[PDB]
Amino acid sequence: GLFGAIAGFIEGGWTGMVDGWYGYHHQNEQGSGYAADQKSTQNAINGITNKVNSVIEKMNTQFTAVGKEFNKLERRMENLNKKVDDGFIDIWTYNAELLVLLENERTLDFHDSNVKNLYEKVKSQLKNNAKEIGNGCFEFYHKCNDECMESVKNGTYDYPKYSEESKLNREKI
Amino acid sequence: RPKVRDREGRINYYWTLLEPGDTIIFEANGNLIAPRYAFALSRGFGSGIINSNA
């Protein structure tokens, strides 16, 4: 969208990944599988949670009786009351709807952010030991068993340990 | 007056609040509908009335 990851180069979502909002799909011989990155997902849940709880919990409301009843020689008062009520209703309607719109856009952009930043996190670890295949996917030059994958996931990857094999496999490509 | 509940006459109803220490005095030679029961209350604040069949 605003960062070109969700609905951008990553065409769609993974219905099989239930561990969270953001995650990984690996393809080492040992087998495939889906996982979630609980760090970014958890930070996103905390942020969004705080947003919603900030749009709700911030509404102070004193004890108030909106209704006022007037007679037939108090039409000025009755129309003044009507004017107050209608004014507040206008304000809250407008500001409420625009708030929902604007912050919905902001939320979607926030997810798009998290995914792009995650992709870049992986990219900066694999500079020459892999190529950018398709979209939201890297192909390795050295074979990366489960342990290695779970290494990319928790940040620690150890690049020079696999740099040589990669240097070989890359030349002919 | 036009018959309302079949009555050409009327009674105009009146009320007031009597704060502690103060004294209310009625005087009349006729046409008075005296009070029988009054209501000793403490106030409360800021509410309204509801008109529904719920």
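Residues numbered from 1 in each chain as written, not as in the entry; some residues may be left out. Chains lettered and ligands numbered in written order. Part of a larger assembly, values for the part shown. Heavy atoms only, no water.

Draft legend 1. Inspection of the state of the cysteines at higher detail. Residue and element names in this part refer to chain A. For the structure shown, the criterion picks out one disulfide over all chains. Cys144 shares a disulfide with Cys148; S-S distance 2.0 Å. One quick way to see it: the torsion about the S-S bond of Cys144 and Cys148 is about -100 degrees, and its sign makes the bridge left-handed. Just as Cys144 is buried, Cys148 falls in that class too. Here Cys137 is not cross-linked by a disulfide; its sulfur's nearest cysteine counterpart is in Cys144, at 14 Å. (Disulfide = S-S within 2.5 Å. Buried < 20%, exposed > 50% of the residue type's maximum accessible area, 1.4 Å probe, protein only.)

Draft legend 2. Expanded view of the packing of aromatic side chains. All names here are of chain A. The tally for this structure, following the rule as stated, stands at five aromatic pairs over all chains. Judged by centre distance (5.5 Å) and plane angle (50 degrees), the ring pair of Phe9 and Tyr119 falls under tilted. Of this pair, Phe9 sits in the segment before strand 1 (23-25) while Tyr119 sits in helix 2 (residues 75-123), and the two are 110 residues apart along the sequence. Clustering of aromatic rings is evident, with ring pairs tying together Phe9, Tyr119 and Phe138. Positioned over the ring face of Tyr159 is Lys127, at 5.0 Å from the centre of the ring. (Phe/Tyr/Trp six-rings, centres within 6.5 Å; stacked < 30°, edge-to-face > 60°. Helix = DSSP H or I, 4+ residues; strand = E, 2+ residues; numbered from the N terminus. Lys NZ or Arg CZ within 6 Å of the ring centre and 35° of its normal.)

Draft legend 3. The layout of surface pockets, seen in detail. Approximately 1100 Å³ is the volume found for the largest pocket. Lining the largest pocket are 39 residues, with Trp14, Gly23, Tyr24, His25 and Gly136 of chain A sitting closest to its centre. At the level of elements, strand 1, helix 2, strand 4 (137-140) and helix 3 (146-153) of chain A are the ones that each hand at least two residues to the lining of the largest pocket. Among the elements that line the lining of the largest pocket, the one with the most residues is helix 2 of chain A, at five residues. In terms of residue class, the lining of the largest pocket is built from 20 nonpolar, 14 polar and five charged. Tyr14, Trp15, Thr16, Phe26 and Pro35 of chain B are, among the 23 residues lining the second largest pocket, the residues nearest its centre. (1 Å grid on protein atoms, 1.4 Å probe; cavity = no way out; pocket = protein on both sides within 12 Å on 5 of 7 lines; lining within 4 Å. Points joined across faces, edges and corners; volume = space filled by probe spheres on them. Nonpolar A, V, L, I, M, F, W, Y, C, P; charged D, E, K, R; others polar.)

Draft legend 4. Examining helix 3 of chain A more closely. When helix 3 of chain A is considered as a whole, its buried residues turn out to be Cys148, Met149, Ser151, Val152 and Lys153 of chain A. Elements that come into contact with the buried residues of helix 3 of chain A comprise strand 1, strand 2 (34-36), helix 2 and strand 4 of chain A. (Contact = heavy atoms within 4.5 Å.)

Draft legend 5. Seen up close, the pattern of salt bridges. Considering all chains together, one arrives at seven salt bridges over all chains under this definition. The partner of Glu132 of chain A in a salt bridge is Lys123 of chain A, with the nearest N and O atoms 3.0 Å apart. Taking the relative accessible area as the measure of exposure, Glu132 of chain A reaches 45% and is therefore partly exposed. Among the salt bridges present, the one from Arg7 of chain B reaches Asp6 of chain B, with a minimum N-O distance of 3.0 Å. (Salt bridge = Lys/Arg side-chain N within 4 Å of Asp/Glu carboxyl O.)

Draft legend 6. Expanded view of the environment of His26 of chain A. Residue and element names in this part refer to chain A. In this fold, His26 is placed in the loop between strand 1 and strand 2. Judged by its relative accessible area of 12%, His26 falls in the buried class. Through-space distance from the C-alpha of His26 to that of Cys137 is 9.1 Å; in sequence the pair is 111 residues apart. Residue contacts for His26: discarding those within four places in its chain leaves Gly31, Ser32, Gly33, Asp146, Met149 and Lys153. At 3.2 Å, the side chain of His26 and the backbone oxygen of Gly31 are in polar contact. (Polar contact = N/O pair within 3.5 Å; in protein donor to acceptor, adjacent residues only side chain to side chain.)

Draft legend 7. Local environment of the nonpolar core. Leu126, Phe140 and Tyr157 of chain A are the most contacted members of the largest nonpolar core, which totals 16 residues. Other than its neighbours up to four places away in sequence, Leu126 of chain A contacts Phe138, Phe140, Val152 and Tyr157 of chain A. (Core = buried A, V, L, I, M, F, W, Y, C linked by side-chain atoms within 4.5 Å.)

Draft legend 8. Inspection of unusual backbone geometry at higher detail. Residues and elements named next belong to chain B. Its identity is not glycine, yet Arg5 carries a phi of approximately 55 degrees, on the positive side. Given the relative accessible area of 80%, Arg5 is considered exposed. Unlike most non-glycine residues, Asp6 shows phi in positive territory, near 60 degrees. Note on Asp6: relative accessible area 47%, which makes it partly exposed.

Draft legend 9. Spotlight on the packing of helix 1 (residues 38-56) of chain A against helix 2 of chain A. All names here are of chain A. Viewed as axis vectors pointing N to C, helix 1 and helix 2 meet at an angle of 170 degrees, and their least axial separation amounts to 11 Å. Overall, the two elements helix 1 and helix 2 adopt an arrangement that is roughly antiparallel. On the side of helix 1, the interface is formed by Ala44, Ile48, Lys51 and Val55, while helix 2 contributes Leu99, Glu103, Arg106, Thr107, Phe110, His111 and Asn114. (Axes fitted to C-alpha atoms, helices over the stretch in contact; angles between N-to-C directions. Parallel < 35°, antiparallel > 145°, perpendicular 65-115°, else oblique.)

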